[PDB]
Structure formats: structure tokens, C-alpha cells
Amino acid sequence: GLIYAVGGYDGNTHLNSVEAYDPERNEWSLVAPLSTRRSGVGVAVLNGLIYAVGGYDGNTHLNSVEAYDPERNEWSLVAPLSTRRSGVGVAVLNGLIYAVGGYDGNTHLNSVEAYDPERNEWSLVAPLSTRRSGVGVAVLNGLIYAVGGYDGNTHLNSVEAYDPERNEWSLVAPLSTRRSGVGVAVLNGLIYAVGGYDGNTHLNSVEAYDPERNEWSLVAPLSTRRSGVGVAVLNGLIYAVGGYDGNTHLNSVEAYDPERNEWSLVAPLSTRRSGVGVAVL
């Protein structure tokens, strides 16, 4: 029932702080901080724990991973990634957490690894066809979608989907717009790609993917351009949290109602956060 905004960058400082949004009160409250400052961090939820995966602490691209227990309000380290990954996309499917792409400090990554909480270890799985940092990742109907990103030379409009039964990635329909630093979330059978950066412009635009038609369509734009934006879904609304508008690191937050096809502002974060990880628990 709460949206967590994890880490990020406020314009001056890479953040270890974490805050949680209660929609019933329309307010954010601070919760326990990460052990490590993490911007460009991937965040996902599995079995009552929030995992903060990788990121960048201001000096080092991180392979470390920590997990938040809301009953104890504390973070604990878990097994590290095989590879340092900032700008990493993270999603959960069938009891495993996938860390997709990112940047290790020297190289934009096509590699992918999966975390098994029962064994507390990461294992390599099939690599992406394309290196992708600043990639958005979401899960829909048994497939993991890797949306956009940056391959080291080009901001990407391409999209690929992972089938765990085959351990393979396949291309699907591309975005209308190249998007790195894009936020991605799934609601009612559609994947939304929110904001990002096309190589020249920080984006307010939003598009939605219908797997039945294998195509993307534009939906209502954000009020504010947002790259490095965190996106999560709660109770029929998509929240776009923080980001960067080209001039300013953002504390603002807006919510999308698909029934009205419109975005509305909600309570702002206490702290400006771009490169922020967002998850719902």
C-alpha cells in the first residue's frame, strides 16, 4: 500500500535516504536509509522485501544489493551482483529478481543476472541483444520487457522481451521515441514508458504498449519533462516520481489515471531525486 522512493541524486548529493508515500494521506515520510548512497539504482519487491540493486554512490559503480524489511524498518545486505551495475533495470518474475543491463563504470552492459532468494545468489541468464544502460524494465504475462536505454553510442527506441522458459530475448515493437533514463510500469495489460531522454531532449511524453497488437501508442503527457524518473503502479494509478527536467532535479510527483487519460500532481518528495528507484509494497 505504500510507494517507496529509494536513493537518487538531488543535484548535489547521491542519496542514501528513502521515503514512502501513503496515498490515503497523500504525503511522504522518511523511512530507514540505505547503507550506501545509490543513484541510478534498480528497485524491486519480492515476498515482502524491497531490494535496492546496484547504482552509483558518487565515486563507485556498485555491485552491492540490500533488502528492506518494513516490519523491522531496516536494510540488510544480501548477495552482490557478479557485475557492478548503475542505470540498471530490475524486475521480478516467478520468484526471481532480474538485474538487466546497466553500466559497470567502463562498459554499457548487455548482460543479465537473476537473484534466487532461497539460495541468496545471483546467476547469469541470457544477455540482451543490445547493451542498455538507463533501461526501463517491467514484467507482463510471463515476459520481462527491456525498454529503451543507451548502448554507449545511441539512445534507444528498441525493446526486447525475455522468455524464462526459453532463456532468450526477442525483439518486439520499438518505441515511437528514443528513451534512455525512462521509467516503465505495467497496468491492466499495458506497459507504459514514461519520460526519459531522446539524445537531445528530456521528455514529457508517455507511450503504452499493447502486447496483443505488438504496438506502442501515445497517451497523455506528463506535466513536467522527466528523465531518470521512477515509476510505480498502485491501485489503478501510475506514479511518476522525481527525475530531471533538463534544468532541475525534481521533487515533484504526478499520477496517471488511465480512465481519464490524464496526469495530476500529488504530494512532492521531501528531497529532489533523479535516478531514483521506486517500488510498491
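The numbering used is simple: start at 1 and walk along the sequence shown.
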### Residue stretch of maximal mean CA temperature factor, 169-177 vs 143-151
169-177
### Task
Among all modelled residues of this chain, ranked by Cα B factor, put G1 in the bottom, middle or top third, i.e. lowest, middle or highest.
highest
### Query
Taking the entry's C-alpha B-factors for this chain, is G228 in the lowest, middle or highest third?
middle
### Query
C-alpha B factor of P80, ranked within the chain: lowest, middle or highest third?
middle
### Query
Compared with the other modelled residues in the chain, in which third is the CA B-factor of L265?
highest
#### Entry: Third of the chain, ranked by Cα B-factor, where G54 sits
lowest
